[PDB]
Amino acid sequence: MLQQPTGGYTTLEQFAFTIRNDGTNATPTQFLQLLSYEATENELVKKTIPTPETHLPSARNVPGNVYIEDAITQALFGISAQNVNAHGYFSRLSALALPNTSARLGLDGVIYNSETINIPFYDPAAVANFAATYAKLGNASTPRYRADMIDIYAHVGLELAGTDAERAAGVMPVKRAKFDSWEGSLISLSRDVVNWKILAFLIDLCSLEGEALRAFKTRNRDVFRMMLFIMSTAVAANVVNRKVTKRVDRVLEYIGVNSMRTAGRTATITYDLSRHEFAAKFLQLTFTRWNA
Amino acid sequence: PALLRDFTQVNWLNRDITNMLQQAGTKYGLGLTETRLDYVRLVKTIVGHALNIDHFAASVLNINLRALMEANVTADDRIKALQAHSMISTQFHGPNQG
Amino acid sequence: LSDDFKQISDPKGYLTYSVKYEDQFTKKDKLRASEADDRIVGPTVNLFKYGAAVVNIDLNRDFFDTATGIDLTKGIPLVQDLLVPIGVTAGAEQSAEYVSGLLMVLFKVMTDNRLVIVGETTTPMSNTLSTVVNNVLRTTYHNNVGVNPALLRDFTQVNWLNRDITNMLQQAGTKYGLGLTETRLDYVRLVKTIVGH
Amino acid sequence: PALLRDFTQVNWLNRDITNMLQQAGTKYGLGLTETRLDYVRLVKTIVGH
Amino acid sequence: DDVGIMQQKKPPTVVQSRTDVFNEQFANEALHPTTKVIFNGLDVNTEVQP
Amino acid sequence: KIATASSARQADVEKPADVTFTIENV
Amino acid sequence: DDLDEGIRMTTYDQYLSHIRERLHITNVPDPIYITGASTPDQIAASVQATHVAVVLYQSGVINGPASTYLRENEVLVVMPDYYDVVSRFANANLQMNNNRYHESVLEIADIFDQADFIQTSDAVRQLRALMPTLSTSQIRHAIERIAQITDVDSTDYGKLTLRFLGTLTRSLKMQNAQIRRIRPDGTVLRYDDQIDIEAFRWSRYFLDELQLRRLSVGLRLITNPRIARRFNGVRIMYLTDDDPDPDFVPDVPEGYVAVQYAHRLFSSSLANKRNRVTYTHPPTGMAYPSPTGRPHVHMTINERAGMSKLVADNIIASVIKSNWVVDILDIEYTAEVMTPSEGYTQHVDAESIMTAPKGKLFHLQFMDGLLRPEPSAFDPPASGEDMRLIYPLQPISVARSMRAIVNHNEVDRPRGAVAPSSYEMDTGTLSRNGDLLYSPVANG
Amino acid sequence: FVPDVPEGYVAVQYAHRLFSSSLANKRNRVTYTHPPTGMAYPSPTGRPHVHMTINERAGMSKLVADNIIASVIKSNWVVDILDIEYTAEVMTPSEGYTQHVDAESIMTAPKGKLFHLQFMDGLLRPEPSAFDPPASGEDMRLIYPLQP
């Protein structure tokens, strides 16, 4: 068991989040510098996020080692992820949420039901905290519990596109993102984000408190903004190239507006409706936690 | 000719080819490679193979593929060109717009 | 001599892998192992071929034969007319058959007097084998290798599988090896030397 | 009639019979109950059905 | 992930044909997954676009 | 062409031990 | 207190049947009875005497130092019965309660230190727990069957073939039997090394040493989870076919009320000029003639046996219309796991699930939809909805070693893909004595 | 009898744009996006209680009409089609229903078709005998008038 550092697991260099910038490694923050925004006439007012349902999926015992990290990252960032709403993985997740469970979440992101000493794993109190909320991803599909798939993206815009004045205001113009870019810039960016061990991120988000958690939200704002970026590219109504002085500039329109696009395209990853429900629920929980 | 290396029984040739290929500035490689376009879809994933072919043809093939890739033709486009050729209030249905 | 044992070569297990395939899946690229690596790794690879829906671990139907009264078509052992009602015919597909099956499994195992003898073997030269296979092979090995998922390593074109198997086998706690090995019983005689594979 | 219990579709009857059978004073049964083996042969002789 | 090409196997497609009035009963309902469908003529996308 | 499914299970090969007449050591 | 912690105790019948003969066979004094007046030191003298840590309970409330000695030393109290157990112990903290225990099998090896007289394990008891109680003739039938399978001529076995009295079958059952000398009175004598031969000491279930050595391995085989492929209980729930995995059990929704099935719940009633099969909700007491509009209900059916076709059709109708969830524990079943291309070869109407005889093995089939390639972008939309009724209550894929041997993308794993377990590949070494082992986990 | 729309249903004008094919769980389901929340509902089964009004059937996809009736059944949609004209016959219980109007034809006939619905007056229906066993089944009525 890896004891959690006072600043969270993400302080460890083992969990550094990085993305290739036309093939060279870079911090997410230095990618976000590339983005620039042409505002349009429309506005995004952020609605209050409804408080997430208390009901966790039942902690039913299941065969095998469930791979929770790959499941989440694929459902959010992978190219055509499948069976993202299958119940078994989150059944095991809620099993992790029990006060004295035998299950462990390894740094591999796999949930081993054994007390397997050979593989290092996160501190059980921390993952209990983490599953205690994220098991709710299991009710992304159930009609009773579906998150708003439209208004929630307003928040995404603010946390990505939004200037500090716009963020404190809670309202921003709908924006058109753009950056100097390579072929497959958006796809490859997603491929880099998908390899992120976001379990370290979510576990730190759920287990850290007070000054440590605040320092975490400040230190990791750009990371969260990158994941948000990948979602916005999955839902952007249109994504195109603008040649300018022998330099292509990728353009995504629009940030903060879920188009509910489901059909696949070359430019970016795409959400089928099940992926829409999943991501929307994900954002419901994650933003609820982020704004506390 | 890079494939002649350590196979041609012409010694001096193998020596010269081995030299050019041991230079930093030149690296023969053939087969599947990691393009910026890897994992991009267009009904099927795009991939790249270093191939024994003249650079002009390769350029034209890359140009064609990239052209198709950027076209973003969707069903909405065809539906619209159908409505243009149909009685004024015909409704069309079926495929996802995108 | 008394026939205390049933000397045999190339033994069958109590358990075997079963495997269902969705045939529409097929890797386009065609893998080309050396003939030796195909001789060892191959029976595994044909079994766990691309597009295999699920691999199971059923009891060996070949070993628990119809001779033991056992059926194994449904996943469980079954034996008719063992635990039955008296004065009436037992109903068809009775659940009690499963319990009967277990006894006749246990019985058939308590009475398993097979004695292994080395079968045909091969001693591949190291150069013929890809290094990943040579690291598993221990000089000689039976020509009838069985299957084992550890043999899929660097041969399965299923990337994630090769990644997971390579991980489990790069763990300290697990070491696949096949073929002849140094047992405490090496060089002991009993008309012929004992050896271990 | 004790066999009608939880088999008859008539509810009041099934209730009543269930009550009578759940009394301490009354218990239906369908023997065999009493076996009696011989003292020498050790096989059953008189049995109480 | 790839789009299928060979004709895929499908669940049996029972066609409920609900009218003004009807006596719904559920004896011998199938337990396997099944496609309830209300109309007969649902091969409606005829006009092919080359 | 219709999509299809198939099964496989590992084959038995357990023969009675061969009676060789050769011997490997002096 | 963990369930493992507490005061161990067992019934006298178990002690006679499994413990006491071994004490007799080891030449130790019979373990002391414990009355109310029992110092822990006496218990220590007894436990060290028998080398066994067992004390029969005689009578009276047991004083607390004795109790704490029994708790701290894991002495096994042997008691006549389980009525009013707490009254047999002083309760200084009143923590003890008759309903508050934890029943569990306890292998004889954990009690005795002498391995020579211990042939089996928990697994046999577990297997016997699988068996129906057998009348003596059924036992004879089983023995004759096994004999016939092994090609033995077991005719006249267990029988007297008197010339005048005819053939007479004796009972074959003789569980835990021993060879013992009898006094001429006919009463049994304790085994004595002085007169009876050593072979008679312990019957060893009358099996050869080799057969025992293999019996052990076999018991480990029979009680493997992966062999345990006969399943109990089926959830019926009207629900869209979504989860790819065969092993899916839909969770019961937040609003449902658990309700045991009972014939008393269902009845005839007037309702708009029809004799409808009304169900009266046990909490509210309200009667609902129609399958439509009933309160959400997690109904459990422990046994379908007397249930009328009307009520069964009506419960199914409630599953479809009121969205009842009806678990049915009576059912035992096997489960072939189909792959999408092979479809559903067999079929089960709800009528048959509600009316199949108990003790028949149902053979349900469950698709693993994980290897279902994405639909063509240009396939027509489905106006309708695929549905499903039958679900397992328990994991089904116990036999499954691996799953979805294909690539999502060319590099990602498909969700729900199963890698082989590491132990499938461990091939460690032989133990110092001969037995198989996994490799060491760490260097130490 | 004209059944009332239950409290908490949402009035929703039909328009072609509310429905579209969309990918969901490896099938191209005929999804409905709900104009209040905006959320898409790929399957008929989970949809919000909706009192949809169809002022005019014309131009509607047949798959969409089928999906709407399916929502009427599995999500208890209450869908009022104002385009329809029909005559009525009040059958006595003794004569029973001599005709039936399929919902398919109701959602797919050209405007100006004149339907002939029939309705039972149940007032004179016989009472069941007191001891007679209940029959299996439930009578149902999918189509209703908006007027006396």
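A. Looking closely at the sheet that holds strand β16 (residues 400-405) of chain G. The sheet built from four strands is open, its strands ordered β1(F)-β2(C)-β3(C)-β16(G) with antiparallel pairing. Of all strands in the sheet, those bounded by a partner on one side alone are β1 (5-9) of chain F together with β16 of chain G. Averaged over all neighbouring strand pairs, the angle between strand axes comes to 15 degrees, with direction disregarded. Inspection of the sheet shows strand β2 (residues 15-22) of chain C paired to strand β3 (residues 52-59) of chain C by seven bridges, in the antiparallel sense. Note that in β3 of chain C the partner of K20 of chain C across the bridge is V54 of chain C. Contacts between helix α1 (residues 35-47) of chain C and the sheet are confined to β2 of chain C together with β1 of chain F, with β2 of chain C contributing the most and set at about 55 degrees to the helix.

B. A look at the interface of chain A and chain B. Contact with chain A, which involves 15 residues of that partner, is made by twelve residues of chain B. Around 1200 Å² of area is buried between chain A and chain B when both sides are counted, 46% of it from carbon and sulfur atoms. One can count two salt bridges joining chain A with chain B. The interface formed by chain A and chain B holds five residue pairs in polar contact in total. Here the side of chain A that touches chain B is built from residues that sort into four nonpolar, six polar and five charged.

C. Quick peek at the pattern of salt bridges. Residue and element names in this part refer to chain A. Scanning the model with the defined rule gives 53 salt bridges over all chains in all. Taking the shortest distance from any N to any O, the salt bridge between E38 and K178 comes out at 3.7 Å. You can see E38 sitting in strand β3 (residues 36-45) and its partner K178 sitting in strand β7 (residues 171-180), a full 140 residues away along the chain. With a relative accessible area of 30%, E38 lands in the partly exposed category. When its relative accessible area of 24% is taken as the criterion, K178 is described as partly exposed. Through salt bridges that share partners, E38, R176, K178, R242 and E253 make up one connected network.

D. A look at the interface of chain G and chain C. Each partner contributes residues to the interface: chain G has 73 residues there, and chain C has 76 residues. Broken down residue by residue, the surface that chain G buries against chain C is led by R214, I405 and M425 of chain G, which jointly contribute 11%. For the interface between chain G and chain C, the tally reads five salt bridges. The salt bridge partner of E336 of chain G is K20 of chain C, with a shortest N-O separation of 3.5 Å. At the junction of chain G with chain C, the criterion picks out 31 residue pairs in polar contact. Looking at the side of chain G that touches chain C, the elements with two or more residues in it are α4 (122-130), α5 (136-149), α6 (209-222), β13 (325-336), β14 (361-365) and β16 of chain G. Counting residues per element, the side of chain G that touches chain C draws most heavily on α6 of chain G, which supplies eight residues. Among the residues forming the side of chain G that touches chain C, the class breakdown is 37 nonpolar, 18 polar and 18 charged. Two elements, β3 of chain C and β16 of chain G, share four bridges in a ladder whose sense is antiparallel. Counterpart to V54 of chain C in the pairing with β16 of chain G is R403 of chain G.

Definitions and limits used
Residues numbered from 1 in each chain as written, not as in the entry; some residues may be left out. Chains lettered and ligands numbered in written order. Part of a larger assembly, values for the part shown. Heavy atoms only, no water. Pairing = 2+ DSSP bridges. Helix = DSSP H or I, 4+ residues; strand = E, 2+ residues; numbered from the N terminus. Axes fitted to C-alpha atoms, helices over the stretch in contact; angles between N-to-C directions. Contact = heavy atoms within 4.5 Å. Buried area = accessible area lost by both parts, 1.4 Å probe. Salt bridge = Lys/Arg side-chain N within 4 Å of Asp/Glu carboxyl O. Polar contact = N/O pair within 3.5 Å; in protein donor to acceptor, adjacent residues only side chain to side chain. Nonpolar A, V, L, I, M, F, W, Y, C, P; charged D, E, K, R; others polar. Buried < 20%, exposed > 50% of the residue type's maximum accessible area, 1.4 Å probe, protein only.

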